[PDB]
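Okay, here we've got a single chain as structure tokens, the form deposited in one PDB entry, with questions on binding and movement later.
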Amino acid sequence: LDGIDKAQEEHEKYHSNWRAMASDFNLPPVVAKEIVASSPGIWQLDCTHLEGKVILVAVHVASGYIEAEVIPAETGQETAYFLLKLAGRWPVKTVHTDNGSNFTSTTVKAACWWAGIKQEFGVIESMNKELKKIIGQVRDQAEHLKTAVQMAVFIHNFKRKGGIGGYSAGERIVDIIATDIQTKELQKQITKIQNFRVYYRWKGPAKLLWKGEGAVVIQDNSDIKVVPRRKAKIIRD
């Protein structure tokens, strides 16, 4: 509340995002998002051949987390089943494909329509090469290639560790999806509160930002002002 001027000064000086201001100056995320305002669903699909069997590989671009399994045939039904599974396990919004025969079939389009996925036609190649390397490493521990493929997926997702902080792909995708959930929560709160107009002390209508227990935060003429609940009225428009 009292830190709104400090947050505005910090934004003017360092151009910090609303996350930093909300974490530092103890502000609600809507106020910080207004001050600063004043990929998670991306997947790539590819088919890879190994020892005469087809491996369908899905990678989460923003994290490198992979989803692969051996399919009996390179058929639109099998890849539609794979994509429906992927949508059922992760929040898949759009998939990138290579204009193959199995990706432009009507079954896959119907699966995307039902699962709410948009179809759009370099990371995938490196991911396939790394998956092949791990499969070659762990082939001797599995009789079938399908078991070895799942071993390689497990190893790449939770055992191999690299990056800035040295996290695995599973931790990265979990963090990314958590951040996306936070972003969606904030967007829903903004949409819910944006339909209100506030009159304070009576002055002109002011966009509502926060409806705290002891105060009401509003915006007037590109300036954020805090008024008490007992000196302002909020109406829905």
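Sequential numbering from 1, following the sequence displayed. By rigid core we mean the largest C-alpha set that fits within 1.5 Å across both forms.
Not pictured, yet referred to below: the form deposited in another entry.
Comparing the two forms between the shown form and the other one on the rigid core, the single residue of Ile177, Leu186, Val57, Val54 with a CA shift of 2 Å or greater is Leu186. In this overlay on the rigid core, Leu208 has a C-alpha that sits 2 Å or more away from its partner position between the shown form and the other one. With the core held fixed, the Cα of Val30 is displaced between the shown form and the other one by 2 Å or more.
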